[PDB]
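> this block holds the first chain(s) of the complex, placed as they are in the complex; more will follow:
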Amino acid sequence: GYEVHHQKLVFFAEXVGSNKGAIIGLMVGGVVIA
Amino acid sequence: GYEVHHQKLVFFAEXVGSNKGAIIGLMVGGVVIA
Amino acid sequence: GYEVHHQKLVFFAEXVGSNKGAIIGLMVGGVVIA
Amino acid sequence: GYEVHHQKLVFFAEXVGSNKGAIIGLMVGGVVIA
Amino acid sequence: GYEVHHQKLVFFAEXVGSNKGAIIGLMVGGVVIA
Amino acid sequence: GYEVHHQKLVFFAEXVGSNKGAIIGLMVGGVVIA
Amino acid sequence: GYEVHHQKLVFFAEXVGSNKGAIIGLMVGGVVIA
Amino acid sequence: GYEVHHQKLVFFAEXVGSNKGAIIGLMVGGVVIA
Amino acid sequence: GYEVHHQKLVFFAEXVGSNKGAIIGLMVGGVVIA
Amino acid sequence: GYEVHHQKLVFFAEXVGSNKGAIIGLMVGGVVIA
């Protein structure tokens, strides 16, 4: 079990052209890339 | 079981042309890229 | 089981031309890209 | 069990062209790259 | 069990072209590269 | 059990072209490269 | 003459008990405290 | 003459008890404290 | 004449008790303390 | 004439009790303390 709390996240992104993947600020769980 | 709470997220994005993927600020669960 | 609560999310997006993917501020569940 | 709390994260990204992977600010869980 | 708290993280990224891997600011859990 | 707290991390990255591995600012857990 | 434009401001405040002063997100002009 | 434009400001404040002064995110002009 | 543009500012504040002065994230102009 | 542009500023503050002065992240202009 995951207990994630009290996060202050600021995400700046620039350009980001032809993104074919995942761009996530805060991710809880699992990321599978194929 | 996931328990996510008390998040203050700010997401800035610029440009972002021809995005074919997922751009997520806060994601809970699972991301599969194929 | 997922328990997500108490989120303060601000999402800024600029440009974003010809987006063919998913642009989500807060996502709970699962994202599959194909 | 993971207990993650009280994080102040600032993420700056520039360019980021043709990203086919995962770009995450804060990730809790597991990342599998294939 | 992992207990991670009270982190002040600043992440600067530039260029980052054709990224096929994982670029994470703060990661808790496990990273498998294949 | 790991107890990590009170970290002030600043991460500067430049160029970073065609990254196929993991670039992490703060990582807690385990990294397996294959 | 002041020309202020194109500002994206996010202001988070917590607690803030018995405030006797001015708490302003974006202020243009002049502030006099006495 | 002042020409201020294109600002992305995020302001986090915590506690802030019995504030008798000015707490400003973005201020253009003049501040006099007495 | 002042020409200030293209600023990405993140301001974290904690505690801040009995503030009698000016706490500003981005200030353009003049500050006089008396 | 001052031309200030393209600044990425992150400001962390802790405690800060009974501040009678000016605490500024980015300041353009002039500061006079008396």
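Cool, the structure landed. Numbers count the residues shown, from 1 in each chain, chains lettered A, B, ... in the order given.
> just want the residue of chain A that's nearest chain F.
For chain A and chain F, the shortest gap (Cβ to the nearest Cβ) falls at residue A:33, measuring 10.7 Å. Heads up, the C-betas are built off the backbone N, CA and C, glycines and all.
> who's that residue bridged to?
Applying DSSP bridges to residue A:33 gives these bridge partners: residue B:33, residue D:33.
> any idea how far it is from residue E:13?
18 Å (Cβ to Cβ, to the nearest Å).
> settle it for me: which of the two has more neighbours?
residue E:13 (25 against 22; other Cβ atoms under 10 Å in any protein chain shown).
> who does the more buried one bridge with?
Beta-bridge partners of residue E:13, as defined by DSSP bridges: residue D:13, residue F:13.
> state the distance from it to chain J.
Applying Cβ to the nearest Cβ, to the nearest Å, the value for residue E:13 to chain J is 11 Å.
> please report how far that residue lies from residue I:6.
18 Å.
> do residue A:25 as well
According to Cβ to Cβ, residue A:25 and residue I:6 sit 22 Å apart.
> more neighbours: which of these two?
For the pair residue A:25 and residue I:6, the greater number of neighbours falls to residue A:25 (30 against 14), based on other Cβ under 10 Å.
> sec struct for the more buried one, please.
Three-state assignment for residue A:25 (DSSP: H, G, I helix; E, B strand; the rest coil): strand.
> add chain K to the structure above, sequence below:
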Amino acid sequence: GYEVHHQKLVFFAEXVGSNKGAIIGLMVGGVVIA
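Same chains as before, plus chain K:
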């Protein structure tokens, strides 16, 4: 004339009790202390 651009500044402050002066991350112009 001053031309200041392309600055990546991270400012950490701790304690800072009874500050009667100026605490600035990035300052352009002139500072007079009296």
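> what about the residue of chain A found nearest chain G, how many neighbours?
Here chain A gets closest to chain G at one residue, residue A:8, 7.6 Å apart by Cβ to the nearest Cβ. The number of residues packed near residue A:8 is 22, by other Cβ under 10 Å.
> and what about it, helix, strand or coil?
With three-state DSSP as the basis, residue A:8 sits in strand.
> would you check that it makes contact with residue D:9?
Yes - contact criterion Cβ atoms under 8 Å: residue A:8 and residue D:9 qualify, at 7.2 Å.
> residues contacting the residue most central in space within chain A?
For chain A, residue A:24 is the residue whose C-alpha lies nearest the centre (Cα atoms, centre = their mean; 1.9 Å). Under the criterion of Cβ atoms under 8 Å, 6 or more residues apart in numbering or on different chains, the neighbours of residue A:24 are A:31, B:22, B:24-27, B:31, D:22-25, D:27.
> closest to residue C:18 out of these?
The closest of the contacts of residue A:24 to residue C:18 turns out to be residue B:22 (Cβ to Cβ; 15.8 Å).
> which residues touch the closest one?
So residue B:22 contacts A:21-24, B:31, B:33, C:21-24, C:27, C:31, C:33 (Cβ under 8 Å, 6+ apart).
> let's add chain L too:
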Amino acid sequence: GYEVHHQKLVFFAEXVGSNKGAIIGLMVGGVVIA
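Placed with the earlier chains, chain L looks like this:
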């Protein structure tokens, strides 16, 4: 004329009690102490 650009500055401060002077991370211009 001053041309200052491309600076990556990290400033750590601890304690800093009863500061009556100027504590600046990056300063361009002139500092007069009296």
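> quick one on the thing from earlier: quickly list what the residue nearest to the centre of chain A is bridged to.
Residues in beta-bridge contact with residue A:24 (DSSP bridges): residue B:24, residue D:24.
> show me what from chain A comes close to chain I.
A:8, A:10, A:12 (Cβ under 8 Å from any Cβ of the partner chain).
> the first one against residue A:25, yeah?
Going back to what we said before, that points to residue A:8. No - using Cβ under 8 Å, residue A:8 is not in contact with residue A:25, being 11.3 Å away.
> pick out the residue of chain A closest to chain L.
For chain A, Cβ to the nearest Cβ, closest residue to chain L: residue A:12, 15.6 Å.
> where's the residue in chain A that chain I sits nearest to relative to residue I:26, distance?
Of all residues in chain A, residue A:10 sits closest to chain I, with a separation of 5.1 Å (Cβ to the nearest Cβ). To residue I:26, residue A:10 is 15 Å away according to Cβ to Cβ.
> give me the more crowded residue out of the two.
The neighbour comparison of residue A:10 against residue I:26 (other Cβ under 10 Å) goes to residue I:26, with 30 against 26.
> run the chain-centre distance for the helix or strand that contains residue A:28.
Residue A:28 belongs to strand A:22-33 when assigned by DSSP states H and E. A distance of 5 Å separates the centroid of the chain from that of strand A:22-33, by Cα atoms, centre = their mean, to the nearest Å.
> noted, bye for now.
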